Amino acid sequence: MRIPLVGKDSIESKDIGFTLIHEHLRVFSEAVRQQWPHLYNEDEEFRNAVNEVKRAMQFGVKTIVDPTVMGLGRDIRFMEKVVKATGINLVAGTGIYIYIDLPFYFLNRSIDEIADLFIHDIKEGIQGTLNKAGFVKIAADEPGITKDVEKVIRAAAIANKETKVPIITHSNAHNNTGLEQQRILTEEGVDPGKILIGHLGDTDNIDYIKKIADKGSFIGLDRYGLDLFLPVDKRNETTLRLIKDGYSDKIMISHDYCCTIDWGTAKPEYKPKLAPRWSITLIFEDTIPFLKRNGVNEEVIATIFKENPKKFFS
């Protein structure tokens, strides 16, 4: 029913349980991995993914939603391997991760045939495997809403309307890209409560975060641990005021953690200073205790982690 799972039968939605809405098992650039496999260690990548997932499960995580898509090196056979090693509910997705331009394949190509690529993964299966896509992922950043970025957004809208699956975004918090995504999707007949505007926790600006929640979409305070974007205690006080002002029905939090990340901007040796305590369980060690002893009940955390994902996927 409703939500498709990797290496397991489809489950209902209400059966989602405690959910981490935004985590990565591994991300890489497709071109460079395909051309130079000597840069990578698949055993190290598998060992880290398994170890990180199992510890999340120990804290009571039932389901992880992994928005790794084209441009981030989505591998469904890798996803199966860790599912079997772990017993996690894994929700894979479809979509395109870009900041500026599409690959040359998409030259002179219609929004429609891009949407057909998403609708394919949702209905037929990812990479010819039978594991179906449960959501669609789109990105936007500092370069803003470009021609090719918009085409991916409008393609996501069509896939949403025709398969009823929700859409998760990557955005820049300081840009207005998050708001623009919401606007363009809604205009094309997308129910606001089916959109998660991501990386909104990268900013102090509660007013900007609020209006996106007011327009009716889930807000992504989803990069806990990544201190370079915003430190943990800055994020803690932002989520706290949002909960106090009654936005907990729109709040979704995660880590955006990568057990293995490809980019030279984020190699393991830069971890201290940039993101010293960044893991897939950081919110259990810091955020959740902090909120509990600051006057938030566990009905609120059940909203954010259980009820909100449930409404998102139905």
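Quick note: we count residues from 1 along the sequence shown, nothing fancier.
- On average the C-alpha atoms of 271-279 have higher B-factors than those of the other stretch, with 271-279 and 60-68 being the two compared.
- Here the stretch with the larger average CA B-factor, out of 203-211 and 99-107, is 203-211.
- If you compare the C-alpha temperature factors of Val91, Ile167, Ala139, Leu240 in the entry, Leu240 comes out highest.
- In the PDB entry, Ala31 places in the lowest third of its chain by CA B-factor.
- Sort the chain's modelled residues by C-alpha temperature factor and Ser254 lands in the lowest third, per the entry.
- Per-chain ranking of the deposited C-alpha B factor places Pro37 in the lowest third.
- Among the modelled residues of its chain, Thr177 has a C-alpha B-factor that falls in the highest third, as given in the PDB entry.
- When the modelled residues of the chain are ordered by their C-alpha B factor, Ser171 lands in the lowest third.
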